[PDB]
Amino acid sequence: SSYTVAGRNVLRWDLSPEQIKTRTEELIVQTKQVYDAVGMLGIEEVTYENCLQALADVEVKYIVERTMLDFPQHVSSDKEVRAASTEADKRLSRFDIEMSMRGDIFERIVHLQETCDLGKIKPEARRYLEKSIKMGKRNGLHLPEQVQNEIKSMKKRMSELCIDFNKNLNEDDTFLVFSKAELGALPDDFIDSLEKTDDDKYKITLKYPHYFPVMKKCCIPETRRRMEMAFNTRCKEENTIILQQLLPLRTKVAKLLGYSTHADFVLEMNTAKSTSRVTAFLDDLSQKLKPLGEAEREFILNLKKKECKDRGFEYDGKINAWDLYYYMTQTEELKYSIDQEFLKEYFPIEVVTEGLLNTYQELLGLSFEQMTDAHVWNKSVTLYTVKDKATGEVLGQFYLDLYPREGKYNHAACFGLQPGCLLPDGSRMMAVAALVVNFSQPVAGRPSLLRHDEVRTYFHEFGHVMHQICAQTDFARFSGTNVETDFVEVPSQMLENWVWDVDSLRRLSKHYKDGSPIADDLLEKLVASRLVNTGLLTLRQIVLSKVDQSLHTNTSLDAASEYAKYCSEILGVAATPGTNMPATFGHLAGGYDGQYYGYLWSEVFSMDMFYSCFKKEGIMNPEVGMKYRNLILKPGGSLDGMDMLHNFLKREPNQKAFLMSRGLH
């Protein structure tokens, strides 16, 4: 029922390694029987029910069962369960390629669109046909036989290369040892949480809750250099081999499909359309930020020269890679009076969670309720039920996995577990999402205290959750966040604007000790500090976007040399010799290949919607919030990204709001 919750979450999280492997074989056998039955139908025998409906019914049942098998590798605390989940992901990814390249299915779908009356079917069903045909041509099913076999074998190879690329980074356990003197200027609540060694030193891992605080606060330059070297050499040997094979395969596949480069191949499925649009977008933005980067680098060198003189260190007259985050932090303290370690005292995780849920219950017209004794994959995971405030319709559920642990996904993402699409019996499946982040642990007898950047990450990932829950389509392939890659980051970055509003920050903050709110002056300075270090921070994102474009455009290039090239030309901070940042670039194997520009590309759309609609008539306006849910989130992937922006803005988007928020133009 659309107004109940019991029985609609069919996800089990107590699977053993043997059950994961058994369910994987069963899922492949049962799914292949559906594709085989459709393939056996005569061409003049296919209809809407025996072909389109039969495939749509198995796509939703497959992706839900697939979720229980390929998700434990990211969250489970049992390494054997994670290994069985990764093997299930490898086996199911090759199966996806086998089914996607069935010529008999392609012929019968093409024949169905030609004979069926497209006017008597839902417009989303029309989109299902043309997308399926377009996906078949992007697999070469209109090409001769032997080239299809080459594409298939190379697709299966790239599948295992991408899985092994992220598997190496997720299971890395590299750590360094430092003494108390080598960890100068680090606070005691960080030092007292590290593992002690036999010689009274401390173990520091390369994970985010350890790497960033060292690179931002530790006043020992050699300590930051050793950390930056180890961080940008993770899996350097094995992942360079993978990149040296994956990138030529992507080019070789794009050639056989008729495309010049792999970047052109993936750009056709994005709102940017062409690579020449991405180049002009990145280059024009890089030129606007060039004066800001020069002024910020000059201020950083002055900070480094004075500190080397005060502390008696040697001064090399340059900004090394291990100096960037350290003096960016000083720029925030000196130019904007912002102490992140003091400001986090006003952001205990329970107050931030309460304010986060309350902000979007009121804005989106939703009702959140935490479930007790919830079936979860880890003890620290909580479950919430989402209802429509007016009708009481149970839209979906989401999990909160907030704290880091061994073997857990170390970045910050949102996972779609169940799509909010239609079921074969006519009912609607309850959407399910999971917010997976690694926030600060509760230490020193205090609750978890989040820095402002962690609060902004909390709002970003919750935007993906709201997109997954509010999306309601007919087909699973259009549900959730199955939109253009350069558009999926619009709902997430849109909700980041609420951590830069004074009244919104006042509802998110309460001191962990005495419960007092943040002072008015400090609250004003926090909002005014939104553009601190924005020159170099954005230039580094352009560097990553240019490297991602270059590695998928030019053939026979050294990944480390191309990254060091743009670091010196664009960012002005040289890459450390001996490192290999592209070997750690997980986006190149996590669906963002040739598409990392989409973050900056999406920010133009989110800033335009926030400034032109929310910021003009109240950012908590329920009318504007409901219009944002129905036009941006609810359609999911059933409409083009540009079409949904047109319906919300009643015009075309432009960079005026984007450039104004960046202090440009």
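In this text, residue numbers run from 1 along the sequence as written.
The mean Cα B-factor in the deposited entry runs higher for 175-183 than for the other of 175-183 and 82-90. A summary of the deposited B-factors shows that, of 36-44 and 627-635, the stretch with the larger mean C-alpha value is 36-44. Per the deposited coordinates, the residue with the largest Cα temperature factor out of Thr331, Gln549, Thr555, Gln73 is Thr555. Each of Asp593, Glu345, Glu195, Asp401 has a CA temperature factor in the record; the biggest one is found at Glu195.
For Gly136, the recorded CA temperature factor ranks within the middle third of the chain's modelled residues. Looking at the C-alpha B-factors along this chain, the one for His210 belongs to the highest third. Looking at the C-alpha B-factors along this chain, the one for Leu423 belongs to the highest third. Among all modelled residues in this chain, the alpha-carbon of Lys167 has a temperature factor (C-alpha) in the highest third.
Ranked by C-alpha B-factor against the other modelled residues of its chain, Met644 falls in the middle third.
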